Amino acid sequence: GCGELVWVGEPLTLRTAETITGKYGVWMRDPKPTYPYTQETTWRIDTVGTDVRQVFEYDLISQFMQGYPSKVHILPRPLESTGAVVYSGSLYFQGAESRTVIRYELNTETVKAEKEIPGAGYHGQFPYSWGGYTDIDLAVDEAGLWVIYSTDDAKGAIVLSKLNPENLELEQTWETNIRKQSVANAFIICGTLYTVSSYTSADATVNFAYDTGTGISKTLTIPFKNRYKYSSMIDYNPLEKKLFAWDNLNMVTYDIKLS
C-alpha cells in the first residue's frame, strides 16, 4: 500500500509528559516486531538533559497511555536528541556528543553494532530548525532502516542514506538540495523523503518531497498542525501507516493518506 503523501490528519494526543524532562523526546513502536515484543509494544524516551539513559518500555498500548512501564532499560551510553528508531527488535540511537549510531538489542540489552556516519555533522552543526542537536535522524519505511543527516560537502543540505540494520553499513546515499536547518523535521514514506515547514505553527505544511527512485524534488502544501506549537520529533511508522510525533510534552500521532 505505497504511494505519494497527499494528506495528513488531525493530531491525536495519546499521552502527556508530567515532567519538564519530557518537554521533548521520542516515542516509538517496532514496525517489524519480534519476540517477546508485539505491535502494541511501545517505547518512550524523555530526552531533556545531558544524561539520557532511561528507556520506558510498555508491553500494552493501554499501559502506555494510562499506566506505568513494564520495564525500564538503562542504555550503555548517553543518548543524543530525538532521532532514535526501533526496528526489528533493536533500538537505534545516537551516542551523546558524537556521530555514532548504536544498535541496541532490547531483549538481550546488548550492543550489536556501532558505526560512525561518515562525514556527518553532529551536536548543532546541521540540526533541524528548532535545534536540539537534531543533526542525525534515524528513519524506518517500507524498505527498512535509513538515516537522515548532512555534511560539509552537502553544505547543510539534507543527506539520506539507506542503512543495513545488522551492521549499520551505508548501502546507498542521496543528496538533496533542501537545507536541513531550514526545516522543522523530516521522514521517509515509500522511499520518498518529506519535510515539515514549521515546528510551532498550527498552520504548517509538509512543504518538500524528494524521491530516491527518480531523484526528483517537489514543493508541497499539505496542511500539518503542531497543536502544542513545539514539535521536537516527527517520524513515520510504515506498519501503522502513521506519523508519530512529540509536541511540547505531548505524545501524538497523525493519520495519513497515500495515493
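Sequential numbering from 1, following the sequence displayed.
Of the two stretches examined, 12-20 and 240-248, the record assigns the greater average C-alpha temperature factor to 12-20. Averaged over CA atoms, B-factors in the entry run higher in 163-171 than in the other of 163-171 and 96-104. The entry lists C-alpha B-factors for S197, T219, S232, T200, and the highest of these is at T219. In the PDB entry, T50 places in the highest third of its chain by CA B-factor.
Split the chain's modelled residues into thirds by C-alpha temperature factor. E142 is in the middle one. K115 sits in the highest third of its chain by CA B factor, as recorded in the PDB entry.
Compared with the other modelled residues of the chain, the Cα B-factor recorded for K180 ranks in the lowest third. Among all modelled residues in its chain, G132 ranks in the middle third by Cα B-factor.
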